[PDB]
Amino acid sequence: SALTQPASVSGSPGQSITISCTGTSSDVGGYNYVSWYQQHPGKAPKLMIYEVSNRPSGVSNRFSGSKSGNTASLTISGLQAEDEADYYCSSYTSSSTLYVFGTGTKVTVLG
């Protein structure tokens, strides 16, 4: 199965929002290899977080990653209009799929 994500998360400018990503003990709960990606419409995906909480360069420190048990979370602090995009998680898995992805969350920013 895919990782479970909410279809839609919204916020006002300046709000802190969190996107959940739920798997199992064979993926999100078994390893520290959770990544998060941002995709604006018609653009290439961008790696925002890897290894649960690590940011590549060029990613705002307003983005942070964590996990607890079988659920990973992406938190966006100080929400800005430019954050309106789709967000996906992935995890390494012990299974043959090797990596498993979430179904994606559309973030809408008020205004």
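The numbering used is simple: start at 1 and walk along the sequence shown.
> Take the C-alpha B-factors listed in the entry for 44 to 52 and for 57 to 65, compute each mean, and give the stretch with the larger one.
In the deposited entry, the stretch with the higher C-alpha B-factor mean is 57 to 65.
> Which has the highest CA B-factor per the PDB entry: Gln38, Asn70, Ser73, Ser35?
The C-alpha B-factor peaks, among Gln38, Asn70, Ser73, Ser35, at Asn70.
> Taking the C-alpha B-factors as the PDB entry records them, is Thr93 in the lowest, middle or highest third of its chain?
As the PDB entry reports it, the C-alpha B-factor of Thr93 lands in the middle third of its chain.
> Report the third (lowest, middle or highest) to which the CA temperature factor of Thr105 belongs, ranking only the modelled residues of the same chain.
According to the entry, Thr105 has a C-alpha B-factor in the chain's lowest third.
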